[PDB]
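Reproduced below: work19.pdb, with PDB, C-alpha atoms.
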```
MODEL        1
ATOM      1  CA  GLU A   3     130.106 108.283 237.465
ATOM      2  CA  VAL A   4     127.441 109.150 234.948
ATOM      3  CA  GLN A   5     128.703 109.304 231.394
ATOM      4  CA  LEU A   6     126.958 110.439 228.252
ATOM      5  CA  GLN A   7     129.088 109.730 225.186
ATOM      6  CA  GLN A   8     127.844 111.143 221.904
ATOM      7  CA  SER A   9     128.603 110.157 218.346
ATOM      8  CA  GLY A  10     130.986 112.071 216.117
ATOM      9  CA  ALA A  11     130.776 115.209 214.048
ATOM     10  CA  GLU A  12     128.696 115.071 210.898
ATOM     11  CA  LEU A  13     129.214 116.956 207.683
ATOM     12  CA  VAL A  14     126.023 116.663 205.685
ATOM     13  CA  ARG A  15     124.224 118.167 202.729
ATOM     14  CA  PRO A  16     120.880 119.986 202.633
ATOM     15  CA  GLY A  17     117.770 117.906 202.206
ATOM     16  CA  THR A  18     119.144 114.819 203.879
ATOM     17  CA  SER A  19     118.614 113.233 207.290
ATOM     18  CA  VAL A  20     121.094 112.497 210.034
ATOM     19  CA  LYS A  21     120.852 110.266 213.103
ATOM     20  CA  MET A  22     123.131 110.818 216.103
ATOM     21  CA  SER A  23     123.578 108.811 219.270
ATOM     22  CA  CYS A  24     124.077 109.346 222.980
ATOM     23  CA  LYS A  25     125.442 106.290 224.848
ATOM     24  CA  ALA A  26     124.679 106.357 228.538
ATOM     25  CA  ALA A  27     126.550 104.662 231.350
ATOM     26  CA  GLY A  28     126.891 104.810 235.130
ATOM     27  CA  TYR A  29     123.265 104.938 236.089
ATOM     28  CA  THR A  30     119.963 103.140 235.392
ATOM     29  CA  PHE A  31     119.161 104.168 231.798
ATOM     30  CA  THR A  32     115.440 103.462 232.033
ATOM     31  CA  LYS A  33     114.919 105.558 235.170
ATOM     32  CA  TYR A  34     115.621 109.117 233.916
ATOM     33  CA  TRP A  35     114.565 111.399 231.129
ATOM     34  CA  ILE A  36     117.127 112.435 228.516
ATOM     35  CA  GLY A  37     116.774 115.897 227.015
ATOM     36  CA  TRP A  38     118.246 117.238 223.826
ATOM     37  CA  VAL A  39     119.579 120.800 223.372
ATOM     38  CA  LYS A  40     120.645 122.695 220.242
ATOM     39  CA  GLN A  41     123.553 125.194 220.367
ATOM     40  CA  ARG A  42     123.574 127.253 217.171
ATOM     41  CA  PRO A  43     125.823 130.264 216.822
ATOM     42  CA  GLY A  44     123.916 133.488 217.597
ATOM     43  CA  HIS A  45     121.015 131.502 219.008
ATOM     44  CA  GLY A  46     122.195 130.478 222.443
ATOM     45  CA  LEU A  47     120.691 127.188 223.664
ATOM     46  CA  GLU A  48     117.351 125.819 222.517
ATOM     47  CA  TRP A  49     115.486 122.821 223.971
ATOM     48  CA  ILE A  50     114.335 120.201 221.460
ATOM     49  CA  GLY A  51     112.548 117.572 223.506
ATOM     50  CA  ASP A  52     112.970 114.734 225.934
ATOM     51  CA  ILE A  53     112.461 111.004 226.104
ATOM     52  CA  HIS A  54     111.973 108.509 228.877
ATOM     53  CA  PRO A  55     113.771 105.301 227.942
ATOM     54  CA  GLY A  56     111.597 103.258 230.314
ATOM     55  CA  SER A  57     108.268 104.183 228.667
ATOM     56  CA  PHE A  58     109.719 105.321 225.297
ATOM     57  CA  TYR A  59     107.456 108.374 225.596
ATOM     58  CA  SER A  60     108.790 111.517 224.070
ATOM     59  CA  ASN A  61     107.829 115.209 224.458
ATOM     60  CA  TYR A  62     108.809 117.779 221.859
ATOM     61  CA  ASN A  63     109.116 121.495 221.597
ATOM     62  CA  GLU A  64     106.448 122.267 219.024
ATOM     63  CA  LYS A  65     109.146 124.014 216.980
ATOM     64  CA  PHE A  66     110.758 120.589 216.359
ATOM     65  CA  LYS A  67     107.629 118.483 215.729
ATOM     66  CA  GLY A  68     108.367 117.170 212.247
ATOM     67  CA  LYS A  69     112.088 117.976 212.410
ATOM     68  CA  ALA A  70     113.468 115.853 215.272
ATOM     69  CA  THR A  71     112.658 112.283 216.290
ATOM     70  CA  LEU A  72     113.836 110.916 219.634
ATOM     71  CA  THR A  73     114.261 107.173 220.208
ATOM     72  CA  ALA A  74     115.999 104.924 222.675
ATOM     73  CA  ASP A  75     117.504 101.424 222.650
ATOM     74  CA  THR A  76     117.501  99.816 226.071
ATOM     75  CA  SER A  77     119.858  96.983 224.938
ATOM     76  CA  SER A  78     122.737  99.328 224.290
ATOM     77  CA  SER A  79     121.610 102.117 226.713
ATOM     78  CA  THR A  80     121.607 104.541 223.832
ATOM     79  CA  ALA A  81     119.399 107.505 223.028
ATOM     80  CA  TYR A  82     119.136 108.711 219.421
ATOM     81  CA  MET A  83     118.012 111.832 217.639
ATOM     82  CA  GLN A  84     117.220 111.929 213.954
ATOM     83  CA  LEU A  85     116.827 115.245 212.049
ATOM     84  CA  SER A  86     115.072 115.347 208.696
ATOM     85  CA  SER A  87     115.084 117.838 205.807
ATOM     86  CA  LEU A  88     118.371 119.318 206.834
ATOM     87  CA  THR A  89     118.927 123.015 206.192
ATOM     88  CA  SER A  90     121.508 125.629 207.163
ATOM     89  CA  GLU A  91     119.332 126.356 210.227
ATOM     90  CA  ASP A  92     120.204 122.875 211.502
ATOM     91  CA  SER A  93     123.997 123.490 211.592
ATOM     92  CA  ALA A  94     124.640 123.386 215.299
ATOM     93  CA  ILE A  95     126.084 121.372 218.163
ATOM     94  CA  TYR A  96     123.512 119.035 219.710
ATOM     95  CA  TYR A  97     123.747 117.801 223.321
ATOM     96  CA  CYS A  98     122.020 115.085 225.231
ATOM     97  CA  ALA A  99     121.609 115.605 228.988
ATOM     98  CA  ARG A 100     120.287 113.453 231.796
ATOM     99  CA  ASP A 101     117.362 114.991 233.777
ATOM    100  CA  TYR A 102     117.960 114.219 237.460
ATOM    101  CA  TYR A 103     114.797 115.390 239.273
ATOM    102  CA  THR A 104     114.654 118.431 236.930
ATOM    103  CA  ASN A 105     118.407 119.053 237.060
ATOM    104  CA  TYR A 106     120.289 118.783 233.743
ATOM    105  CA  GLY A 107     123.458 117.934 235.669
ATOM    106  CA  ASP A 108     125.057 115.451 233.243
ATOM    107  CA  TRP A 109     125.733 116.447 229.652
ATOM    108  CA  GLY A 110     127.203 114.693 226.635
ATOM    109  CA  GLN A 111     130.142 116.285 224.900
ATOM    110  CA  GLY A 112     127.946 117.304 221.938
ATOM    111  CA  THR A 113     127.655 116.276 218.312
ATOM    112  CA  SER A 114     128.451 118.935 215.710
ATOM    113  CA  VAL A 115     126.295 118.844 212.593
ATOM    114  CA  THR A 116     127.541 121.015 209.717
ATOM    115  CA  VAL A 117     125.057 121.401 206.842
ATOM    116  CA  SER A 118     127.059 122.548 203.821
ATOM    117  CA  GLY A 138     104.946 129.414 221.001
ATOM    118  CA  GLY A 139     102.835 132.291 222.289
ATOM    119  CA  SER A 140     102.359 130.708 225.709
ATOM    120  CA  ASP A 141     106.009 129.622 225.979
ATOM    121  CA  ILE A 142     107.889 131.044 228.940
ATOM    122  CA  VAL A 143     110.312 133.719 227.668
ATOM    123  CA  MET A 144     113.611 133.929 229.541
ATOM    124  CA  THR A 145     115.571 137.133 229.073
ATOM    125  CA  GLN A 146     119.101 138.146 229.995
ATOM    126  CA  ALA A 147     119.520 141.860 229.465
ATOM    127  CA  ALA A 148     123.361 141.922 229.371
ATOM    128  CA  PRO A 149     124.997 140.290 226.373
ATOM    129  CA  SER A 150     128.291 140.330 228.270
ATOM    130  CA  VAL A 151     130.140 141.123 231.475
ATOM    131  CA  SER A 152     133.832 142.144 231.477
ATOM    132  CA  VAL A 153     135.623 141.659 234.803
ATOM    133  CA  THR A 154     139.098 141.497 236.321
ATOM    134  CA  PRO A 155     140.170 138.411 238.252
ATOM    135  CA  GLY A 156     139.131 138.601 241.899
ATOM    136  CA  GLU A 157     136.202 140.979 241.146
ATOM    137  CA  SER A 158     132.656 139.872 242.039
ATOM    138  CA  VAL A 159     129.892 140.006 239.436
ATOM    139  CA  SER A 160     126.125 139.788 239.160
ATOM    140  CA  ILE A 161     124.247 138.407 236.114
ATOM    141  CA  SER A 162     120.531 139.013 235.714
ATOM    142  CA  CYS A 163     117.731 136.963 234.212
ATOM    143  CA  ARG A 164     113.961 137.410 234.004
ATOM    144  CA  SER A 165     111.099 135.012 233.266
ATOM    145  CA  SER A 166     107.809 135.963 231.628
ATOM    146  CA  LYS A 167     105.824 134.178 234.295
ATOM    147  CA  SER A 168     106.493 133.017 237.833
ATOM    148  CA  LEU A 169     108.640 129.929 238.066
ATOM    149  CA  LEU A 170     107.224 129.080 241.511
ATOM    150  CA  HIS A 171     105.480 125.691 241.602
ATOM    151  CA  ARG A 172     102.757 124.577 243.970
ATOM    152  CA  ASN A 173     105.370 122.285 245.649
ATOM    153  CA  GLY A 174     107.279 125.369 246.829
ATOM    154  CA  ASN A 175     110.272 125.144 244.516
ATOM    155  CA  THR A 176     111.150 127.794 241.935
ATOM    156  CA  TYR A 177     112.260 126.017 238.736
ATOM    157  CA  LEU A 178     115.025 128.367 237.638
ATOM    158  CA  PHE A 179     118.476 126.980 236.679
ATOM    159  CA  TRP A 180     121.856 128.540 235.862
ATOM    160  CA  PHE A 181     124.413 126.994 233.543
ATOM    161  CA  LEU A 182     127.966 127.950 232.506
ATOM    162  CA  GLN A 183     129.212 126.925 229.113
ATOM    163  CA  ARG A 184     133.005 127.326 229.158
ATOM    164  CA  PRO A 185     134.723 127.823 225.815
ATOM    165  CA  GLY A 186     134.747 124.603 223.795
ATOM    166  CA  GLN A 187     132.896 122.692 226.515
ATOM    167  CA  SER A 188     129.405 121.453 227.197
ATOM    168  CA  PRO A 189     127.116 123.403 229.493
ATOM    169  CA  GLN A 190     127.467 122.668 233.188
ATOM    170  CA  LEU A 191     124.832 123.142 235.865
ATOM    171  CA  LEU A 192     125.731 125.707 238.526
ATOM    172  CA  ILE A 193     122.528 126.463 240.423
ATOM    173  CA  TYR A 194     119.298 124.460 240.551
ATOM    174  CA  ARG A 195     115.813 125.453 241.707
ATOM    175  CA  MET A 196     116.838 129.141 241.947
ATOM    176  CA  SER A 197     119.339 128.972 244.805
ATOM    177  CA  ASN A 198     120.686 125.470 245.313
ATOM    178  CA  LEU A 199     124.403 124.876 244.591
ATOM    179  CA  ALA A 200     125.064 121.986 242.270
ATOM    180  CA  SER A 201     127.447 119.243 243.246
ATOM    181  CA  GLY A 202     131.053 120.006 242.353
ATOM    182  CA  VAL A 203     130.491 123.730 241.882
ATOM    183  CA  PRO A 204     132.440 126.179 244.103
ATOM    184  CA  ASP A 205     130.392 128.100 246.673
ATOM    185  CA  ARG A 206     131.666 131.334 245.078
ATOM    186  CA  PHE A 207     128.529 130.834 242.924
ATOM    187  CA  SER A 208     125.144 131.690 244.402
ATOM    188  CA  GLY A 209     121.657 132.368 243.140
ATOM    189  CA  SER A 210     118.728 134.418 244.333
ATOM    190  CA  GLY A 211     115.487 135.699 242.926
ATOM    191  CA  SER A 212     111.859 136.754 243.210
ATOM    192  CA  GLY A 213     110.296 134.016 241.085
ATOM    193  CA  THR A 214     110.305 136.296 238.003
ATOM    194  CA  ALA A 215     113.690 138.057 238.309
ATOM    195  CA  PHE A 216     116.891 136.274 239.213
ATOM    196  CA  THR A 217     120.532 136.981 239.945
ATOM    197  CA  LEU A 218     123.592 134.734 239.691
ATOM    198  CA  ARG A 219     126.413 136.111 241.855
ATOM    199  CA  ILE A 220     130.007 135.041 241.351
ATOM    200  CA  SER A 221     132.573 136.074 243.951
ATOM    201  CA  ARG A 222     136.316 136.093 243.330
ATOM    202  CA  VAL A 223     136.054 135.542 239.570
ATOM    203  CA  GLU A 224     138.837 133.435 238.065
ATOM    204  CA  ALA A 225     139.870 132.312 234.653
ATOM    205  CA  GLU A 226     137.877 129.021 234.945
ATOM    206  CA  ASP A 227     134.674 131.147 235.181
ATOM    207  CA  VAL A 228     135.046 132.483 231.684
ATOM    208  CA  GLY A 229     132.211 131.450 229.334
ATOM    209  CA  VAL A 230     128.538 131.984 228.636
ATOM    210  CA  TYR A 231     126.025 131.965 231.518
ATOM    211  CA  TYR A 232     122.496 130.864 230.723
ATOM    212  CA  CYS A 233     119.383 130.834 232.838
ATOM    213  CA  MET A 234     116.712 128.192 232.023
ATOM    214  CA  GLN A 235     113.274 127.288 233.262
ATOM    215  CA  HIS A 236     112.179 123.678 233.881
ATOM    216  CA  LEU A 237     108.675 124.508 235.082
ATOM    217  CA  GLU A 238     106.728 123.760 231.907
ATOM    218  CA  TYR A 239     107.300 122.340 228.470
ATOM    219  CA  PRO A 240     108.886 123.531 226.319
ATOM    220  CA  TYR A 241     111.872 124.218 228.520
ATOM    221  CA  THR A 242     113.458 127.568 227.607
ATOM    222  CA  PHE A 243     116.772 129.277 228.041
ATOM    223  CA  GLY A 244     117.779 132.909 228.313
ATOM    224  CA  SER A 245     119.897 134.467 225.556
ATOM    225  CA  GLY A 246     123.131 134.109 227.574
ATOM    226  CA  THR A 247     125.563 136.532 229.145
ATOM    227  CA  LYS A 248     129.230 136.065 228.160
ATOM    228  CA  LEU A 249     131.755 136.562 230.932
ATOM    229  CA  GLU A 250     135.225 137.597 229.843
ATOM    230  CA  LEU A 251     138.347 138.949 231.614
ATOM    231  CA  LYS A 252     138.990 142.640 230.956
ATOM    232  CA  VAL A 253     140.330 144.911 228.166
TER     233      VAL A 253
ATOM    234  CA  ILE B   2     109.685 110.087 238.346
ATOM    235  CA  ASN B   3     106.704 110.365 235.967
ATOM    236  CA  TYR B   4     106.970 108.261 232.809
ATOM    237  CA  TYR B   5     105.113 110.651 230.514
ATOM    238  CA  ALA B   6     106.401 114.165 231.403
ATOM    239  CA  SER B   7     109.561 115.415 233.038
ATOM    240  CA  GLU B   8     107.734 118.486 234.328
ATOM    241  CA  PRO B   9     107.636 118.833 238.095
TER     242      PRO B   9
ENDMDL
END
```
Please render this file's structure as C-alpha coordinates.
Amino acid sequence: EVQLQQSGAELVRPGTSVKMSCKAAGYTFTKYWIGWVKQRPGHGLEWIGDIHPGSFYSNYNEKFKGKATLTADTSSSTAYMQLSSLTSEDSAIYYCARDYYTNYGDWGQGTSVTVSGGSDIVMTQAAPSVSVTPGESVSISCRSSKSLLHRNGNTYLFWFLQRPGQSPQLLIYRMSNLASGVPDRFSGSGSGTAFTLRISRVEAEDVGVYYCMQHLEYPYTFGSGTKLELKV
Amino acid sequence: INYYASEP
(Lines of atoms letter the chains of each structure in order from A and count residues from 1; the text may use other names and numbers.)
(Lines give C-alpha, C1' and ligand atoms only; values in the text may rest on other atoms or scores of the structure.)
Protein backbone atom coordinates (compact mmCIF):
# COMPACT_ATOMS: atom_id res chain seq x y z
CA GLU A 1 0.00 0.00 0.00
CA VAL A 2 1.02 3.59 -0.52
CA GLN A 3 2.33 5.26 2.60
CA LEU A 4 3.24 8.86 3.23
CA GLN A 5 4.88 9.28 6.63
CA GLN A 6 5.50 12.84 7.77
CA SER A 7 7.90 14.22 10.33
CA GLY A 8 6.85 15.27 13.81
CA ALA A 9 5.21 18.31 15.30
CA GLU A 10 7.27 21.48 15.48
CA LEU A 11 7.10 24.22 18.06
CA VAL A 12 8.97 27.19 16.65
CA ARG A 13 9.47 30.89 17.17
CA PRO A 14 8.65 33.77 14.83
CA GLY A 15 11.27 34.78 12.31
CA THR A 16 12.82 31.35 11.98
CA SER A 17 12.64 28.64 9.33
CA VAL A 18 11.44 25.08 9.58
CA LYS A 19 11.91 22.10 7.27
CA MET A 20 9.53 19.13 7.39
CA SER A 21 9.63 15.81 5.60
CA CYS A 22 7.29 13.38 3.89
CA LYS A 23 8.72 9.85 3.44
CA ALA A 24 7.04 7.92 0.67
CA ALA A 25 6.76 4.18 0.26
CA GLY A 26 4.74 1.60 -1.67
CA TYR A 27 4.91 3.11 -5.10
CA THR A 28 7.46 4.54 -7.57
CA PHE A 29 8.47 7.85 -5.95
CA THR A 30 9.73 9.46 -9.15
CA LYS A 31 6.54 8.78 -11.12
CA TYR A 32 3.96 10.98 -9.32
CA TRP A 33 3.57 14.54 -8.19
CA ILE A 34 3.42 15.30 -4.47
CA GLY A 35 1.26 18.22 -3.38
CA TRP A 36 1.35 20.13 -0.14
CA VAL A 37 -1.74 21.45 1.69
CA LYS A 38 -2.07 23.83 4.65
CA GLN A 39 -4.86 23.35 7.24
CA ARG A 40 -5.08 26.45 9.43
CA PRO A 41 -7.94 26.91 11.85
CA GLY A 42 -10.67 29.12 10.33
CA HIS A 43 -9.06 28.85 6.91
CA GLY A 44 -10.08 25.43 5.68
CA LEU A 45 -7.56 23.84 3.30
CA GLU A 46 -5.15 25.80 1.13
CA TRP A 47 -2.91 24.41 -1.64
CA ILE A 48 0.76 25.38 -1.44
CA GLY A 49 2.39 23.75 -4.44
CA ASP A 50 3.55 20.50 -5.93
CA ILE A 51 6.76 18.81 -6.96
CA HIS A 52 7.65 16.03 -9.34
CA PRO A 53 10.47 14.00 -7.81
CA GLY A 54 11.51 12.67 -11.22
CA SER A 55 12.20 16.10 -12.77
CA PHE A 56 12.55 18.03 -9.47
CA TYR A 57 10.27 20.67 -11.02
CA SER A 58 8.05 22.48 -8.61
CA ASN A 59 4.91 24.63 -9.09
CA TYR A 60 3.77 27.05 -6.41
CA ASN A 61 0.66 28.92 -5.49
CA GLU A 62 1.79 32.50 -5.99
CA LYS A 63 0.73 33.17 -2.39
CA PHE A 64 3.62 30.93 -1.23
CA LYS A 65 6.36 32.06 -3.64
CA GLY A 66 9.00 33.24 -1.19
CA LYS A 67 7.47 31.42 1.79
CA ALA A 68 7.62 27.71 0.90
CA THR A 69 10.34 25.71 -0.85
CA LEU A 70 9.66 22.18 -2.07
CA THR A 71 12.49 19.68 -2.60
CA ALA A 72 12.86 15.96 -2.99
CA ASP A 73 15.55 13.36 -2.27
CA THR A 74 15.28 10.33 -4.51
CA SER A 75 17.76 8.29 -2.37
CA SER A 76 15.48 8.25 0.64
CA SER A 77 12.17 8.72 -1.30
CA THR A 78 11.48 11.82 0.74
CA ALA A 79 9.80 15.09 -0.12
CA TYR A 80 10.56 18.19 1.96
CA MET A 81 8.98 21.56 2.56
CA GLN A 82 10.83 24.45 4.11
CA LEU A 83 9.00 27.58 5.39
CA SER A 84 10.88 30.81 5.98
CA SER A 85 10.15 33.93 8.04
CA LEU A 86 7.72 32.14 10.26
CA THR A 87 4.76 34.10 11.60
CA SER A 88 1.54 33.31 13.45
CA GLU A 89 -0.11 32.93 10.02
CA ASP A 90 2.07 29.85 9.47
CA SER A 91 0.72 27.94 12.52
CA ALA A 92 -1.10 25.11 10.84
CA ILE A 93 -1.06 21.42 10.01
CA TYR A 94 0.72 20.70 6.73
CA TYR A 95 -0.01 17.60 4.61
CA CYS A 96 1.74 15.98 1.73
CA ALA A 97 -0.43 14.03 -0.74
CA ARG A 98 0.33 11.88 -3.75
CA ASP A 99 -1.34 13.03 -7.02
CA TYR A 100 -2.57 9.91 -8.83
CA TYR A 101 -3.79 11.13 -12.25
CA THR A 102 -5.23 14.26 -10.55
CA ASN A 103 -6.59 12.35 -7.55
CA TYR A 104 -5.15 13.30 -4.14
CA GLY A 105 -6.00 9.81 -2.87
CA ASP A 106 -3.05 9.23 -0.52
CA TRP A 107 -2.31 11.68 2.27
CA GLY A 108 0.33 11.91 4.97
CA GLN A 109 -0.79 12.17 8.56
CA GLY A 110 0.21 15.86 8.70
CA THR A 111 2.89 17.86 10.46
CA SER A 112 1.71 20.43 13.00
CA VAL A 113 3.73 23.64 13.11
CA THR A 114 3.01 25.89 16.10
CA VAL A 115 4.57 29.37 15.87
CA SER A 116 4.63 30.77 19.40
CA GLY A 117 -4.95 35.67 -7.34
CA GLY A 118 -7.59 37.48 -9.38
CA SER A 119 -7.79 34.74 -11.99
CA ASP A 120 -7.74 31.93 -9.40
CA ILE A 121 -10.76 29.65 -9.45
CA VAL A 122 -12.92 30.44 -6.39
CA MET A 123 -14.68 27.45 -4.84
CA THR A 124 -17.59 28.25 -2.56
CA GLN A 125 -19.62 26.15 -0.15
CA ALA A 126 -22.62 28.12 1.02
CA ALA A 127 -23.41 26.03 4.14
CA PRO A 128 -20.91 26.22 6.98
CA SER A 129 -22.53 23.13 8.49
CA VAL A 130 -25.13 20.39 8.18
CA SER A 131 -26.76 18.80 11.26
CA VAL A 132 -28.31 15.38 10.66
CA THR A 133 -29.61 12.33 12.51
CA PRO A 134 -28.13 8.91 11.79
CA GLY A 135 -29.83 7.23 8.84
CA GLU A 136 -30.90 10.58 7.29
CA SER A 137 -29.66 11.47 3.79
CA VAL A 138 -27.95 14.80 3.14
CA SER A 139 -26.86 17.02 0.27
CA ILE A 140 -23.84 19.37 0.38
CA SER A 141 -23.40 22.06 -2.26
CA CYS A 142 -20.36 23.60 -3.89
CA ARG A 143 -19.86 26.11 -6.70
CA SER A 144 -16.88 27.01 -8.88
CA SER A 145 -16.23 30.43 -10.40
CA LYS A 146 -15.58 28.93 -13.81
CA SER A 147 -16.43 25.67 -15.52
CA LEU A 148 -14.35 22.74 -14.38
CA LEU A 149 -14.99 20.88 -17.66
CA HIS A 150 -11.79 20.11 -19.58
CA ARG A 151 -11.42 19.56 -23.30
CA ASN A 152 -10.80 15.83 -22.53
CA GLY A 153 -14.39 15.53 -21.27
CA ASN A 154 -13.70 15.21 -17.56
CA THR A 155 -14.90 17.72 -14.97
CA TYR A 156 -12.08 18.27 -12.45
CA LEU A 157 -14.12 18.59 -9.27
CA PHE A 158 -13.18 16.55 -6.16
CA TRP A 159 -14.81 15.94 -2.77
CA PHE A 160 -12.90 15.21 0.42
CA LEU A 161 -13.95 14.34 3.99
CA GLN A 162 -11.70 15.31 6.84
CA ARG A 163 -12.84 13.32 9.88
CA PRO A 164 -12.01 14.77 13.29
CA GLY A 165 -8.30 14.45 14.05
CA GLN A 166 -7.59 12.77 10.70
CA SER A 167 -6.15 13.69 7.35
CA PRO A 168 -8.45 14.49 4.45
CA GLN A 169 -9.67 11.52 2.45
CA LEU A 170 -10.82 11.52 -1.16
CA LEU A 171 -14.47 10.57 -1.65
CA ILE A 172 -15.37 11.55 -5.21
CA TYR A 173 -13.06 12.30 -8.14
CA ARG A 174 -13.75 14.03 -11.45
CA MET A 175 -17.22 15.15 -10.26
CA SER A 176 -18.96 11.78 -9.98
CA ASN A 177 -16.50 8.92 -9.70
CA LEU A 178 -16.40 6.97 -6.40
CA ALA A 179 -12.96 6.65 -4.91
CA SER A 180 -11.58 3.28 -3.98
CA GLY A 181 -12.54 2.18 -0.47
CA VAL A 182 -15.37 4.68 -0.12
CA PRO A 183 -18.93 3.36 0.47
CA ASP A 184 -21.38 3.83 -2.40
CA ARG A 185 -23.63 5.76 0.00
CA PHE A 186 -21.53 8.70 -1.29
CA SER A 187 -22.28 10.10 -4.74
CA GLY A 188 -21.53 13.25 -6.67
CA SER A 189 -23.25 15.17 -9.42
CA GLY A 190 -23.01 18.58 -10.99
CA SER A 191 -23.30 20.99 -13.89
CA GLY A 192 -19.62 21.89 -14.27
CA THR A 193 -20.09 25.03 -12.13
CA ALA A 194 -22.43 23.79 -9.36
CA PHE A 195 -22.00 20.48 -7.60
CA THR A 196 -23.70 18.29 -5.04
CA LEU A 197 -22.29 15.58 -2.77
CA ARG A 198 -25.08 13.25 -1.60
CA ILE A 199 -24.66 10.99 1.40
CA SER A 200 -27.32 8.36 2.06
CA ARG A 201 -27.80 6.64 5.41
CA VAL A 202 -25.47 8.96 7.33
CA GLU A 203 -23.52 7.29 10.14
CA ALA A 204 -21.14 8.35 12.81
CA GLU A 205 -18.06 7.64 10.59
CA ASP A 206 -19.33 10.38 8.20
CA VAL A 207 -18.87 13.11 10.75
CA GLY A 208 -16.28 15.74 9.73
CA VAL A 209 -15.64 18.55 7.29
CA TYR A 210 -16.50 18.10 3.59
CA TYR A 211 -14.45 20.08 1.10
CA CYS A 212 -14.81 20.46 -2.63
CA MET A 213 -11.62 21.19 -4.65
CA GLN A 214 -10.74 21.89 -8.24
CA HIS A 215 -7.73 20.29 -9.98
CA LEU A 216 -8.30 21.93 -13.36
CA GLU A 217 -5.74 24.72 -13.15
CA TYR A 218 -2.99 25.91 -10.87
CA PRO A 219 -3.30 27.01 -8.17
CA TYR A 220 -5.55 24.22 -6.99
CA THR A 221 -8.29 25.60 -4.72
CA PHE A 222 -10.64 24.28 -2.10
CA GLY A 223 -14.07 25.36 -0.95
CA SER A 224 -14.51 26.73 2.58
CA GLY A 225 -15.84 23.39 3.92
CA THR A 226 -19.16 22.21 5.27
CA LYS A 227 -19.04 20.52 8.70
CA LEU A 228 -21.31 17.53 9.15
CA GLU A 229 -22.38 16.78 12.69
CA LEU A 230 -25.02 14.53 14.33
CA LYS A 231 -27.99 16.45 15.74
CA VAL A 232 -28.86 18.64 18.77
CA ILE B 1 2.22 11.98 -16.51
CA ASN B 2 3.74 15.36 -17.44
CA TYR B 3 7.00 16.20 -15.67
CA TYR B 4 6.44 19.95 -15.46
CA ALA B 5 2.75 20.41 -14.46
CA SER B 6 0.26 18.17 -12.73
CA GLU B 7 -2.61 19.92 -14.52
CA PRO B 8 -4.70 17.71 -16.76
Return as a PDB file with C-alpha atoms, in the frame of the given file the set of residues that the PyMOL selection byres ((chain A and resi 89) around 9) yields on the displayed structure.
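Wrote result31.pdb, looks like this:
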```pdb
ATOM      1  CA  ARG A  15     124.224 118.167 202.729  1.00  0.00           C
ATOM      2  CA  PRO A  16     120.880 119.986 202.633  1.00  0.00           C
ATOM      3  CA  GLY A  17     117.770 117.906 202.206  1.00  0.00           C
ATOM      4  CA  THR A  18     119.144 114.819 203.879  1.00  0.00           C
ATOM      5  CA  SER A  86     115.072 115.347 208.696  1.00  0.00           C
ATOM      6  CA  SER A  87     115.084 117.838 205.807  1.00  0.00           C
ATOM      7  CA  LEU A  88     118.371 119.318 206.834  1.00  0.00           C
ATOM      8  CA  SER A  90     121.508 125.629 207.163  1.00  0.00           C
ATOM      9  CA  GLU A  91     119.332 126.356 210.227  1.00  0.00           C
ATOM     10  CA  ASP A  92     120.204 122.875 211.502  1.00  0.00           C
ATOM     11  CA  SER A  93     123.997 123.490 211.592  1.00  0.00           C
ATOM     12  CA  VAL A 117     125.057 121.401 206.842  1.00  0.00           C
ATOM     13  CA  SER A 118     127.059 122.548 203.821  1.00  0.00           C
TER      14      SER A 118
END
```
The residue from A:236, A:42, A:67, A:164 with the smallest atom-to-atom distance to chain B, counting all atoms listed in the file, is A:236
Near chain B, meaning an atom within 7 Å, which residues of chain A appear when counting all atoms listed in the file? Write them as a ChimeraX atom specification.
/A:35,54,57,59,236-238
Run the PyMOL selection byres ((chain A and resi 30) around 10) on the file and write out the hits as a CSV table (one decimal) with C-alpha atoms, keeping the file's coordinate frame.
```csv
chain,number,residue,atom,x,y,z
A,4,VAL,CA,127.4,109.2,234.9
A,26,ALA,CA,124.7,106.4,228.5
A,27,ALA,CA,126.6,104.7,231.4
A,28,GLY,CA,126.9,104.8,235.1
A,29,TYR,CA,123.3,104.9,236.1
A,31,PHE,CA,119.2,104.2,231.8
A,32,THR,CA,115.4,103.5,232.0
A,33,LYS,CA,114.9,105.6,235.2
A,34,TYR,CA,115.6,109.1,233.9
A,55,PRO,CA,113.8,105.3,227.9
A,56,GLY,CA,111.6,103.3,230.3
A,79,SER,CA,121.6,102.1,226.7
```
If the PyMOL selection byres ((chain A and resi 61) around 7) were run on this exact file, what residues would it hold? Put them as a PDB file with C-alpha atoms, keeping the file's coordinate frame.
```pdb
ATOM      1  CA  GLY A  51     112.548 117.572 223.506  1.00  0.00           C
ATOM      2  CA  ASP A  52     112.970 114.734 225.934  1.00  0.00           C
ATOM      3  CA  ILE A  53     112.461 111.004 226.104  1.00  0.00           C
ATOM      4  CA  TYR A  59     107.456 108.374 225.596  1.00  0.00           C
ATOM      5  CA  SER A  60     108.790 111.517 224.070  1.00  0.00           C
ATOM      6  CA  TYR A  62     108.809 117.779 221.859  1.00  0.00           C
TER       7      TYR A  62
END
```
Would you list the residues near (123.2, 117.3, 229.3) (no more than 6 Å away, in the coordinates of the file, using all atoms listed in the file) as a ChimeraX atom specification? /A:98-100,106,108-110
Atom pair CA of residue 84 (chain A) + CA of residue 58 (chain A), distance 15.1 Å
Computed interatomic separation between CA of residue 170 (chain A) and CA of residue 105 (chain A) (Å):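 One can read the CA of residue 170 (chain A) to CA of residue 105 (chain A) distance as 15.7 Å.
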